[PDB]
Amino acid sequence: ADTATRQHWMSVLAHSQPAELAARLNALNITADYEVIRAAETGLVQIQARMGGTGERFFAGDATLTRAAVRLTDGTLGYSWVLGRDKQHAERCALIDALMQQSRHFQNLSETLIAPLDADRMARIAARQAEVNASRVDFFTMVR
Amino acid sequence: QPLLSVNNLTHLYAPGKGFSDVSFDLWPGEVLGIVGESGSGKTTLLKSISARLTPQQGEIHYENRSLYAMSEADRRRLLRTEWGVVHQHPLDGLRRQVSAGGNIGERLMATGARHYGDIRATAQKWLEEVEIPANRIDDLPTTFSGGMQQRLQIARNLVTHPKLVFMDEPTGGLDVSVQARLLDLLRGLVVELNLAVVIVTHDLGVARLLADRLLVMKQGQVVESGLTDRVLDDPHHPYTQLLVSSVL
Amino acid sequence: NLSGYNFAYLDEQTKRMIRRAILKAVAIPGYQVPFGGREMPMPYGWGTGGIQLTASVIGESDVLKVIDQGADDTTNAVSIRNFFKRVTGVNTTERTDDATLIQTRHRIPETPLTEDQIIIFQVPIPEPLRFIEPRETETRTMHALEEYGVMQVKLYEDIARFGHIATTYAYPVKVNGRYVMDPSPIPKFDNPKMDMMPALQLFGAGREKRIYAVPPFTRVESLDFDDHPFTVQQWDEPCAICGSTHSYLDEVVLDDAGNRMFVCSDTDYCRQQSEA
Amino acid sequence: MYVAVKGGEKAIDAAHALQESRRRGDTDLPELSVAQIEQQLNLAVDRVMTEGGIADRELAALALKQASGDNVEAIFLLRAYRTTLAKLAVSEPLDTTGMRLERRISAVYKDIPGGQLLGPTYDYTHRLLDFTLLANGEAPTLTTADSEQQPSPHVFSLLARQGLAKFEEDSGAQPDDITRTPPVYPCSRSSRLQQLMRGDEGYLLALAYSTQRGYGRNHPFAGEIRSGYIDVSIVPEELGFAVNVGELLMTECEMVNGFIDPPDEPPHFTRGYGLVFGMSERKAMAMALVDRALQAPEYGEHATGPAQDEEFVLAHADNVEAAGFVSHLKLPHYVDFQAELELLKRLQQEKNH
Amino acid sequence: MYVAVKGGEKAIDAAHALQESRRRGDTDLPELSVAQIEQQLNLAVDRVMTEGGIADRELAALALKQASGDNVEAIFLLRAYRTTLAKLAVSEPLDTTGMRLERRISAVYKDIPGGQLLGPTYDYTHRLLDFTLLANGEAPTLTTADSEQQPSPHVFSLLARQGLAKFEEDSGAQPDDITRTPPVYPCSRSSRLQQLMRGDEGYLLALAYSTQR
Amino acid sequence: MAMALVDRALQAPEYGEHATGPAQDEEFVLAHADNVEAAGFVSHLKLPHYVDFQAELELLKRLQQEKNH
Amino acid sequence: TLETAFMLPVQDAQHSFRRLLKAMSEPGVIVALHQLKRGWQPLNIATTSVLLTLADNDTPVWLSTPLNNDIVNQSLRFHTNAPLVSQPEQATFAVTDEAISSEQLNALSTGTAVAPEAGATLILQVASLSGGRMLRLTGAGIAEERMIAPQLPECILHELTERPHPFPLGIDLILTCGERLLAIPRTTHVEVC
Ligand SMILES: [Zn+2]
Ligand SMILES: [Zn+2]
Ligand SMILES: [Zn+2]
């Protein structure tokens, strides 16, 4: 069932900020010899939407998507797909994807890299939700 | 052996409409006419035999090769170099934006004539053959009358000297005198050449004047093979008698 | 390489697809090979099919010569040359002699095309018989059926309607003896130049997205009649600059009252003659 | 049509230099960066992203800067830049039920499960010019409330569970892609929506306004407006499982339109749909209204307004085509006009000797 | 029993606070000035001036800044501000023949008196994004030529003196003012022109493109 | 340029021309040309309309209860 | 498990395409693809370069049994993202060695009357393409005539000399050996001489 965990940490990497991810990865002081089998390339991802939110598919434009791939010494392949055009960010995400598949870095990086990034993103999301919910319109309230 | 053999050709796109269990043999130099009501499906049979409509079941042999077993290119070439088709409406078989000479010489150019002078001379000769004046060769079919347009279509079909010509009632919509003169010209052309003619008509007069052998189709099936001056004057099948009485 | 852009301005997927289509077209001379690229907006009308081919086949070491109606001074030709200088950085020359890629609109250069050269023609319409057949379903099949007599109809009736063959532009040809192709609206004067040319000619239509190529030393013959052989009317007027009348002459307008003059369309050959 | 023109290279280069120097403006002021434009002129970037077709904030802001603030030129720049990019993947269909809401409103009910979340909106502001913006200042502090999002079911789900409207079911039909094949009219609804999302905002706005005033009325109700972040997901070939590549800020408009009386079904409301990048919502509302208007053949209602005309609406909504058409008329047509002069002069002689 | 409570004013005030926070954007960046928008986003300013009805570049730039770049919102801001101000006077009809030409071109005549003048334009440019604009820079030093401007009479003056056109002659009629009274169709050409100058440019561009068909 | 083209199109009545296309329809073009009116009256759908929609709901419920049950 | 592709994909692909275009537009000419310095064994440099420059998601590849390999398949699927088939019928860029069976070649798609460009493009690896039976080439792309003596199996020699598929139908042969390549399209008049 490692697919779900790999999806989780890949999404945490992609949704991260290049500044946050770069700073944390530099702080970790963790690096293993890797080769970029796929150079970080920024192209398009076609946006697919649904009529009425649930109906037939239609095309709703394109977004910028960057992808990179890195092979570690032992042959583990790490991939990345991040919206935008930050190729160094994509390379870092691919490197972390490769590292997280090694038993030496899985738990360590989950405790030190992925979980903290997810927590920071959740914290800022909650703050934004508070600011937004300040704008809610109240009509009725239960009274005992 | 017969030039054209038809065996158990059947096609029913809709219930009743169409034709079924149709078979016959046609030899060179013989004119085979088809007589039936509007719903008899004789038009469907004419379309099917002329490499246009694919039959549901049956076999058509030309010379020694199955008609529909040939490739699309082979049948398309056959429809323009050795077979002729004369639709009821001349505009259907005539290219409106092409002069009479151009329409006549289109077949020759397709064959690879590549000679403007020879093409024009052949077009003028065929216009003279079908009685069309040669002074208006550069004219276009739109300006020609119904009889003249039919004659131009006949010339276009016969420019290649085909050995088999289908005619889906070209006389329809023509006056009695014009129709009679056109039928006389068609008979003269048929006797002069050795090409077979398959005429589909809704009236027995055209078959009597032009056709040599006659067949009767009712509700999409052959009723009784006929012959000139025998079925017309001595109808056997009750439906044939009813048709003769209605015509008279 | 222009910053933020791919080399030759095209994504590598469109390049690869167009390259595959070009190879298929070369293997099938005269056949309009379809390719399923995307829609790309461009300011200048010329380029929907020519700029795509140039971007697909242009390299860093190529020398590019952009030609509009034979001229290199044209605004569109200068714009396209500058565009390819920006997005590829290639060298550009005013001489057909020193060029390795010649992107042209409706004109073959006067100078003979030598080996190791590719000439690209913008094709507004890749199938000449679009003026007759509205539905394309029969158009594709009639090529296999070889029913090329239909396009002979316009040639036959041109003399009837005018007394002479006036189809001096986009005159149809039969290449390799098999495939009827319609080059760009090049003049009748240049149609002979396509016969067994040493260079590789590429034709690209964008609004239809069809590519066809003429391999070097390929037999292409003008479509005509034996009684009316394909002939090019000799020019009896000279060029106002160099004088020589051995090259196709275009018209340049000098005033607002209609005054004009004739000058060699291929400005490169015109300069070669003038400097002589 | 196409008049070949020679001898303007020096003048054209000088004109471009003048244009760039005017775009830079007075050099005493700082140079308007792209991050500033995307952060502080966010609605212009929303429109340019939606119409150009690339949901990249920085690229749209750069195109706006290059065009000196012109939205049509910026849209042209972004649309052209879209050609140099490789299509790396196609996302999973967006699930707007998972949208992280910055704003959500419904005009069909007083209150709904989830609440009327106004969010950031210029609505209800008094449009009195704020001259304090002529100098620097400080943005207001944001009052905070419960940092939670309540279940915000789509209002159309509520209407459909009552039988008053129909769920939009997925038939599995492959969406049409105008960015690969030019539209052929009549075009399926997916092609119509794709073209509407790329149409000029100020023209679809006017078409929707015309429908409102009675030129093809569809009795619209803002059934729901949502603005928020939606996760984008792809299924790479290298892997086999869906990965999440990021989130896009988008606005979705679901219109409740007039009800119909099907021959063998209970009467129910119709519905338009709009979907745009960013928080520019009037474009989404106009998209929904014109979508409902162009659904006329689906409902078998004969067009009575220009907005119900598919060819008229869709053949001219593209900014790039109309801008190129208008720009061509500027090009030197000295020869073509000389032809017209001769044609006109003959008419003058024939009708006046 | 769900007693009704008041949350409307506190809703809209919070919504407007969020909107202004969004307008200011990230605070680590300097707040773009009205002068910068006027000098560098000059085409947006031109559109807002034309459609809002006030030829005041600073006001249009302020409207753009306050509207978060939303051109329609800035246009409406300027249009609402129009009501604030009083009509001090009415200018004499403009004389476009005395223009100090930044740009002057014609697509019908090559040799127009005064000479063709491309001026500042985006025409003939390649629609290639200038990624060097992602960072600071400066435009090239401007080339210079003769500093004198020749008289530039209208092209349609030439067309009229040649009998090919009709000279537009003022009959002394009083122009219609839609800002004073509501439109009454059918409209005089003055009313139509006044309305068109206020018309949305995308809508009018689409209509002009449709007239091609 | 767009203003000039639309002005020429709207000059139809004084040239004795027939409106062939919306662009030459004076009332349709002018009534919706104003940006402020169109933007305001399209954005006003964001205003609450539950009183009007309730009137629609009641009728549709009555129609549903009679068409079927 | 993965093989490195072009060092510089764009320029290397462009150069390989120009070399292949020179080979194809002038059948019989020998060109060298110096870009890739190591093929995907058993594939040689020419075959790998051709696949890298032309193959993508829209071009299924049919590697033959002697050439089909797990590492080759993985590298091809990764760098080019092209679908991999196992039957020649659905192929678009077939790859085979001199051991190509007659049935395999006959199964390769040749095109169609309406879509003559829809057929496969056989790629053949040979021990050498200079030493063997003499062969004269003429037709489109040939100035006067070219002499080539490549080591072909009898099946493809019969196909070339006695093409049973009428023009425009037919596959386009590509001889490969190390870096060097040669192209024989369907329109080349090839005779034993
Ligand atoms: Zn000269
Ligand atoms: Zn023009
Ligand atoms: Zn309302």
# chains A, B, ... in the order shown; residues from 1 in each chain; ligands from 1
call {"tool": "select_by_dssp", "arguments": {"residues": "region 7-134 of chain A", "states": "strand (DSSP E)", "output": "ChimeraX atom specification"}}
result
/A:34-50,57-72,77-83
call {"tool": "interface_residues", "arguments": {"of": "chain G", "to": "chain C", "cutoff": "10 Å", "atoms": "only C-alpha atoms", "output": "PyMOL selection string"}}
result
chain G and resi 9-15+17-18+20-22+24-27+52-59+112-119+121+138-144+167-172+183-188
call {"tool": "residues_around", "arguments": {"residues": "region 62-68 of chain F", "least_positions_apart": "4", "cutoff": "12 Å", "atoms": "only C-alpha atoms", "output": "PyMOL selection string"}}
result
(chain D and resi 162-165+259-269) or (chain F and resi 55-58)
call {"tool": "residues_around", "arguments": {"residues": "residue 207 (chain E)", "least_positions_apart": "5", "cutoff": "12 Å", "atoms": "only C-alpha atoms", "output": "NGL selection string"}}
result
(:D and (200 or 202-204 or 206-207 or 306 or 312-313 or 315-319 or 322-323 or 325-326)) or (:E and (196 or 199-202 or 212-213)) or (:F and (1-10 or 21-26 or 28-30 or 32-33))
call {"tool": "residues_around", "arguments": {"residues": "residue 103 (chain E)", "least_positions_apart": "6", "cutoff": "7 Å", "atoms": "only C-alpha atoms", "output": "PDB file with N, CA, C and O atoms, in the first residue's frame"}}
result
ATOM      1  N   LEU E 117       4.357  58.186 -40.908  1.00  0.00           N
ATOM      2  CA  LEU E 117       5.058  58.241 -39.627  1.00  0.00           C
ATOM      3  C   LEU E 117       4.539  57.092 -38.767  1.00  0.00           C
ATOM      4  O   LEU E 117       3.462  57.196 -38.175  1.00  0.00           O
ATOM      5  N   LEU E 118       5.311  56.004 -38.703  1.00  0.00           N
ATOM      6  CA  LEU E 118       4.873  54.839 -37.942  1.00  0.00           C
ATOM      7  C   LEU E 118       4.707  55.172 -36.467  1.00  0.00           C
ATOM      8  O   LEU E 118       3.776  54.686 -35.815  1.00  0.00           O
ATOM      9  N   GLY E 119       5.602  55.989 -35.919  1.00  0.00           N
ATOM     10  CA  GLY E 119       5.529  56.375 -34.531  1.00  0.00           C
ATOM     11  C   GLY E 119       5.684  55.181 -33.613  1.00  0.00           C
ATOM     12  O   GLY E 119       6.158  54.118 -34.020  1.00  0.00           O
ATOM     13  N   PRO E 120       5.294  55.335 -32.347  1.00  0.00           N
ATOM     14  CA  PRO E 120       5.291  54.185 -31.430  1.00  0.00           C
ATOM     15  C   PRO E 120       4.134  53.255 -31.759  1.00  0.00           C
ATOM     16  O   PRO E 120       2.975  53.673 -31.776  1.00  0.00           O
TER      17      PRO E 120
END
call {"tool": "residues_near_ligand", "arguments": {"ligand": "ligand 3", "cutoff": "12 Å", "atoms": "only C-alpha atoms and all ligand atoms", "output": "ChimeraX atom specification"}}
result
/D:107-108,212-213,219-222 /F:40-53
call {"tool": "interface_residues", "arguments": {"of": "chain E", "to": "chain F", "cutoff": "9 Å", "atoms": "only C-alpha atoms", "output": "PDB file with N, CA, C and O atoms, in the first residue's frame"}}
result
ATOM      1  N   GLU E  51     -13.353  55.048 -22.114  1.00  0.00           N
ATOM      2  CA  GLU E  51     -14.654  54.486 -21.761  1.00  0.00           C
ATOM      3  C   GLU E  51     -15.253  55.130 -20.517  1.00  0.00           C
ATOM      4  O   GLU E  51     -16.480  55.213 -20.403  1.00  0.00           O
ATOM      5  N   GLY E  52     -14.421  55.586 -19.575  1.00  0.00           N
ATOM      6  CA  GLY E  52     -14.924  56.239 -18.380  1.00  0.00           C
ATOM      7  C   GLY E  52     -15.421  57.650 -18.601  1.00  0.00           C
ATOM      8  O   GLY E  52     -16.220  58.144 -17.800  1.00  0.00           O
ATOM      9  N   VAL E  72     -13.080  47.132 -16.367  1.00  0.00           N
ATOM     10  CA  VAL E  72     -14.488  47.505 -16.256  1.00  0.00           C
ATOM     11  C   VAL E  72     -14.749  48.227 -14.940  1.00  0.00           C
ATOM     12  O   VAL E  72     -15.471  49.231 -14.895  1.00  0.00           O
ATOM     13  N   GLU E  73     -14.174  47.725 -13.846  1.00  0.00           N
ATOM     14  CA  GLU E  73     -14.352  48.371 -12.549  1.00  0.00           C
ATOM     15  C   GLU E  73     -13.757  49.776 -12.544  1.00  0.00           C
ATOM     16  O   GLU E  73     -14.354  50.706 -11.994  1.00  0.00           O
ATOM     17  N   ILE E  75     -13.357  51.687 -15.208  1.00  0.00           N
ATOM     18  CA  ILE E  75     -14.220  52.487 -16.071  1.00  0.00           C
ATOM     19  C   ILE E  75     -15.433  52.969 -15.291  1.00  0.00           C
ATOM     20  O   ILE E  75     -15.818  54.141 -15.369  1.00  0.00           O
ATOM     21  N   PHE E  76     -16.054  52.073 -14.524  1.00  0.00           N
ATOM     22  CA  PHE E  76     -17.217  52.476 -13.746  1.00  0.00           C
ATOM     23  C   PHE E  76     -16.839  53.437 -12.628  1.00  0.00           C
ATOM     24  O   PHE E  76     -17.619  54.336 -12.303  1.00  0.00           O
ATOM     25  N   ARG E  79     -16.581  56.731 -14.336  1.00  0.00           N
ATOM     26  CA  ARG E  79     -17.909  57.182 -14.739  1.00  0.00           C
ATOM     27  C   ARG E  79     -18.706  57.699 -13.546  1.00  0.00           C
ATOM     28  O   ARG E  79     -19.431  58.692 -13.659  1.00  0.00           O
ATOM     29  N   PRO E 183     -30.935  58.066 -24.173  1.00  0.00           N
ATOM     30  CA  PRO E 183     -30.994  57.852 -25.622  1.00  0.00           C
ATOM     31  C   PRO E 183     -32.421  57.620 -26.095  1.00  0.00           C
ATOM     32  O   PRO E 183     -33.239  57.013 -25.400  1.00  0.00           O
ATOM     33  N   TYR E 185     -33.918  56.158 -29.544  1.00  0.00           N
ATOM     34  CA  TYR E 185     -33.694  55.588 -30.862  1.00  0.00           C
ATOM     35  C   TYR E 185     -34.852  55.957 -31.791  1.00  0.00           C
ATOM     36  O   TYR E 185     -36.007  55.988 -31.357  1.00  0.00           O
ATOM     37  N   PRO E 186     -34.580  56.241 -33.076  1.00  0.00           N
ATOM     38  CA  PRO E 186     -33.262  56.265 -33.719  1.00  0.00           C
ATOM     39  C   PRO E 186     -32.442  57.482 -33.315  1.00  0.00           C
ATOM     40  O   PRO E 186     -33.004  58.542 -33.044  1.00  0.00           O
ATOM     41  N   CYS E 187     -31.124  57.327 -33.286  1.00  0.00           N
ATOM     42  CA  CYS E 187     -30.223  58.352 -32.786  1.00  0.00           C
ATOM     43  C   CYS E 187     -29.531  59.073 -33.935  1.00  0.00           C
ATOM     44  O   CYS E 187     -29.263  58.490 -34.988  1.00  0.00           O
ATOM     45  N   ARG E 189     -26.230  60.905 -35.653  1.00  0.00           N
ATOM     46  CA  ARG E 189     -24.860  60.411 -35.717  1.00  0.00           C
ATOM     47  C   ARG E 189     -24.027  60.922 -34.549  1.00  0.00           C
ATOM     48  O   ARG E 189     -23.121  60.224 -34.084  1.00  0.00           O
ATOM     49  N   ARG E 192     -24.830  58.611 -31.686  1.00  0.00           N
ATOM     50  CA  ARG E 192     -24.205  57.314 -31.913  1.00  0.00           C
ATOM     51  C   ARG E 192     -22.709  57.371 -31.645  1.00  0.00           C
ATOM     52  O   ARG E 192     -22.153  56.472 -31.011  1.00  0.00           O
ATOM     53  N   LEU E 193     -22.036  58.419 -32.127  1.00  0.00           N
ATOM     54  CA  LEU E 193     -20.598  58.539 -31.912  1.00  0.00           C
ATOM     55  C   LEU E 193     -20.272  58.727 -30.438  1.00  0.00           C
ATOM     56  O   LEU E 193     -19.319  58.124 -29.925  1.00  0.00           O
ATOM     57  N   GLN E 195     -22.001  57.648 -27.899  1.00  0.00           N
ATOM     58  CA  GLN E 195     -22.192  56.350 -27.259  1.00  0.00           C
ATOM     59  C   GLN E 195     -21.062  55.388 -27.606  1.00  0.00           C
ATOM     60  O   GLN E 195     -20.590  54.640 -26.743  1.00  0.00           O
ATOM     61  N   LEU E 196     -20.619  55.388 -28.865  1.00  0.00           N
ATOM     62  CA  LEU E 196     -19.566  54.471 -29.286  1.00  0.00           C
ATOM     63  C   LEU E 196     -18.258  54.762 -28.569  1.00  0.00           C
ATOM     64  O   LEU E 196     -17.542  53.836 -28.171  1.00  0.00           O
ATOM     65  N   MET E 197     -17.919  56.041 -28.402  1.00  0.00           N
ATOM     66  CA  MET E 197     -16.677  56.372 -27.710  1.00  0.00           C
ATOM     67  C   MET E 197     -16.678  55.841 -26.282  1.00  0.00           C
ATOM     68  O   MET E 197     -15.612  55.573 -25.719  1.00  0.00           O
ATOM     69  N   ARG E 198     -17.857  55.682 -25.684  1.00  0.00           N
ATOM     70  CA  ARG E 198     -18.001  55.081 -24.366  1.00  0.00           C
ATOM     71  C   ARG E 198     -18.193  53.571 -24.422  1.00  0.00           C
ATOM     72  O   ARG E 198     -18.286  52.935 -23.368  1.00  0.00           O
ATOM     73  N   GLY E 199     -18.259  52.987 -25.617  1.00  0.00           N
ATOM     74  CA  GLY E 199     -18.564  51.575 -25.734  1.00  0.00           C
ATOM     75  C   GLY E 199     -17.371  50.690 -25.427  1.00  0.00           C
ATOM     76  O   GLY E 199     -16.219  51.042 -25.674  1.00  0.00           O
ATOM     77  N   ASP E 200     -17.667  49.513 -24.880  1.00  0.00           N
ATOM     78  CA  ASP E 200     -16.619  48.553 -24.554  1.00  0.00           C
ATOM     79  C   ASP E 200     -15.860  48.156 -25.814  1.00  0.00           C
ATOM     80  O   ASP E 200     -16.462  47.839 -26.842  1.00  0.00           O
ATOM     81  N   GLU E 201     -14.528  48.167 -25.725  1.00  0.00           N
ATOM     82  CA  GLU E 201     -13.710  47.971 -26.916  1.00  0.00           C
ATOM     83  C   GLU E 201     -13.781  46.539 -27.429  1.00  0.00           C
ATOM     84  O   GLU E 201     -13.702  46.320 -28.639  1.00  0.00           O
ATOM     85  N   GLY E 202     -13.912  45.554 -26.541  1.00  0.00           N
ATOM     86  CA  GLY E 202     -14.052  44.183 -27.002  1.00  0.00           C
ATOM     87  C   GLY E 202     -15.336  43.965 -27.778  1.00  0.00           C
ATOM     88  O   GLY E 202     -15.337  43.326 -28.834  1.00  0.00           O
ATOM     89  N   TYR E 203     -16.444  44.499 -27.267  1.00  0.00           N
ATOM     90  CA  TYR E 203     -17.729  44.372 -27.941  1.00  0.00           C
ATOM     91  C   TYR E 203     -17.703  45.057 -29.303  1.00  0.00           C
ATOM     92  O   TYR E 203     -18.158  44.494 -30.306  1.00  0.00           O
ATOM     93  N   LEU E 204     -17.152  46.269 -29.362  1.00  0.00           N
ATOM     94  CA  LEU E 204     -17.096  46.988 -30.630  1.00  0.00           C
ATOM     95  C   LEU E 204     -16.133  46.321 -31.604  1.00  0.00           C
ATOM     96  O   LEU E 204     -16.390  46.291 -32.810  1.00  0.00           O
ATOM     97  N   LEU E 205     -15.020  45.783 -31.103  1.00  0.00           N
ATOM     98  CA  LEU E 205     -14.096  45.056 -31.966  1.00  0.00           C
ATOM     99  C   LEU E 205     -14.761  43.821 -32.555  1.00  0.00           C
ATOM    100  O   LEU E 205     -14.597  43.528 -33.744  1.00  0.00           O
ATOM    101  N   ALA E 206     -15.519  43.087 -31.738  1.00  0.00           N
ATOM    102  CA  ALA E 206     -16.246  41.931 -32.246  1.00  0.00           C
ATOM    103  C   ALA E 206     -17.302  42.333 -33.268  1.00  0.00           C
ATOM    104  O   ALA E 206     -17.475  41.645 -34.277  1.00  0.00           O
ATOM    105  N   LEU E 207     -18.016  43.435 -33.030  1.00  0.00           N
ATOM    106  CA  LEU E 207     -18.994  43.901 -34.010  1.00  0.00           C
ATOM    107  C   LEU E 207     -18.322  44.289 -35.322  1.00  0.00           C
ATOM    108  O   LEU E 207     -18.820  43.960 -36.406  1.00  0.00           O
ATOM    109  N   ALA E 208     -17.194  44.996 -35.244  1.00  0.00           N
ATOM    110  CA  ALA E 208     -16.471  45.369 -36.453  1.00  0.00           C
ATOM    111  C   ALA E 208     -15.998  44.135 -37.207  1.00  0.00           C
ATOM    112  O   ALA E 208     -16.095  44.072 -38.437  1.00  0.00           O
ATOM    113  N   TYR E 209     -15.486  43.138 -36.482  1.00  0.00           N
ATOM    114  CA  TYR E 209     -15.074  41.895 -37.121  1.00  0.00           C
ATOM    115  C   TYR E 209     -16.258  41.178 -37.760  1.00  0.00           C
ATOM    116  O   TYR E 209     -16.114  40.578 -38.830  1.00  0.00           O
ATOM    117  N   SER E 210     -17.430  41.228 -37.123  1.00  0.00           N
ATOM    118  CA  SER E 210     -18.613  40.595 -37.695  1.00  0.00           C
ATOM    119  C   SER E 210     -19.085  41.315 -38.951  1.00  0.00           C
ATOM    120  O   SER E 210     -19.633  40.678 -39.856  1.00  0.00           O
ATOM    121  N   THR E 211     -18.895  42.634 -39.024  1.00  0.00           N
ATOM    122  CA  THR E 211     -19.274  43.353 -40.237  1.00  0.00           C
ATOM    123  C   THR E 211     -18.470  42.889 -41.444  1.00  0.00           C
ATOM    124  O   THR E 211     -18.888  43.125 -42.582  1.00  0.00           O
ATOM    125  N   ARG E 213     -18.078  39.791 -42.348  1.00  0.00           N
ATOM    126  CA  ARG E 213     -18.817  38.702 -42.983  1.00  0.00           C
ATOM    127  C   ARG E 213     -19.810  39.219 -44.014  1.00  0.00           C
ATOM    128  O   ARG E 213     -20.160  38.495 -44.953  1.00  0.00           O
TER     129      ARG E 213
END
call {"tool": "residues_near_ligand", "arguments": {"ligand": "ligand 1", "cutoff": "10 Å", "atoms": "only C-alpha atoms and all ligand atoms", "output": "JSON, numbers by chain"}}
result
{"C": [238, 239, 240, 241, 242, 243, 244, 245, 246, 247, 248, 249, 250, 262, 263, 264, 265, 266, 267, 268, 269, 270, 271, 272, 273, 274]}
call {"tool": "interface_residues", "arguments": {"of": "chain A", "to": "chain D", "cutoff": "7 Å", "atoms": "only C-alpha atoms", "output": "VMD selection string"}}
result
chain A and resid 7 11 14 to 15 43 to 64 81 to 84 126 to 127 129 to 137
call {"tool": "residues_near_ligand", "arguments": {"ligand": "ligand 2", "cutoff": "8 Å", "atoms": "only C-alpha atoms and all ligand atoms", "output": "list in words"}}
result
residues 1, 2, 3, 328, 329, 331, 333 and 336 of chain D
call {"tool": "closest_atom_pairs", "arguments": {"of": "chain C", "to": "chain D", "cutoff": "7 Å", "atoms": "only C-alpha atoms", "output": "tab-separated table"}}
result
residue	atom	partner	partner_atom	distance
C:5	CA	D:84	CA	6.0
C:6	CA	D:84	CA	5.9
C:9	CA	D:84	CA	5.4
C:10	CA	D:84	CA	4.8
C:11	CA	D:84	CA	4.8
C:12	CA	D:86	CA	6.9
C:13	CA	D:86	CA	6.4
C:37	CA	D:180	CA	6.6
C:38	CA	D:180	CA	4.4
C:39	CA	D:179	CA	5.6
C:40	CA	D:83	CA	5.7
C:41	CA	D:80	CA	5.6
C:43	CA	D:324	CA	7.0
C:73	CA	D:6	CA	5.4
C:74	CA	D:6	CA	4.3
C:75	CA	D:6	CA	5.5
C:258	CA	D:338	CA	6.9
call {"tool": "select_by_dssp", "arguments": {"residues": "chain A", "states": "helix (DSSP H, G or I)", "output": "number ranges by chain"}}
result
A: 2-15, 18-28, 51-53, 87-100, 106-133
call {"tool": "residues_around", "arguments": {"residues": "residue 25 (chain B)", "least_positions_apart": "6", "cutoff": "7 Å", "atoms": "only C-alpha atoms", "output": "list in words"}}
result
residues 2, 4, 5 and 6 of chain B
call {"tool": "write_last_selection", "arguments": {"atoms": "N, CA, C and O atoms", "output": "CSV table (one decimal), in the first residue's frame"}}
result
chain,number,residue,atom,x,y,z
B,2,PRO,N,-23.5,-15.3,-71.6
B,2,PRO,CA,-24.1,-13.9,-71.5
B,2,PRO,C,-23.2,-12.9,-71.0
B,2,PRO,O,-22.3,-13.1,-70.1
B,4,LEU,N,-23.8,-10.2,-69.2
B,4,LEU,CA,-24.1,-9.9,-67.8
B,4,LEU,C,-25.0,-11.0,-67.2
B,4,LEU,O,-26.1,-11.2,-67.8
B,5,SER,N,-24.6,-11.5,-66.1
B,5,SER,CA,-25.4,-12.6,-65.4
B,5,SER,C,-25.7,-12.1,-64.0
B,5,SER,O,-24.8,-11.5,-63.3
B,6,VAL,N,-27.0,-12.2,-63.6
B,6,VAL,CA,-27.5,-11.8,-62.3
B,6,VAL,C,-28.1,-13.0,-61.7
B,6,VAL,O,-29.0,-13.7,-62.3
call {"tool": "residues_around", "arguments": {"residues": "residue 169 (chain C)", "least_positions_apart": "2", "cutoff": "10 Å", "atoms": "only C-alpha atoms", "output": "list in words"}}
result
residues 106, 166, 167, 171, 172, 182, 183, 184, 185, 186, 187, 188, 189, 190 and 191 of chain C
call {"tool": "closest_atom_pairs", "arguments": {"of": "chain G", "to": "chain D", "cutoff": "12 Å", "atoms": "only C-alpha atoms", "output": "CSV"}}
result
residue,atom,partner,partner_atom,distance
G:57,CA,D:237,CA,10.4
G:74,CA,D:238,CA,9.9
G:75,CA,D:238,CA,11.0
G:76,CA,D:238,CA,11.6
G:77,CA,D:238,CA,8.4
G:78,CA,D:238,CA,6.8
G:79,CA,D:238,CA,10.0
G:80,CA,D:237,CA,11.1
G:81,CA,D:237,CA,7.6
G:82,CA,D:237,CA,10.1
G:83,CA,D:237,CA,10.2
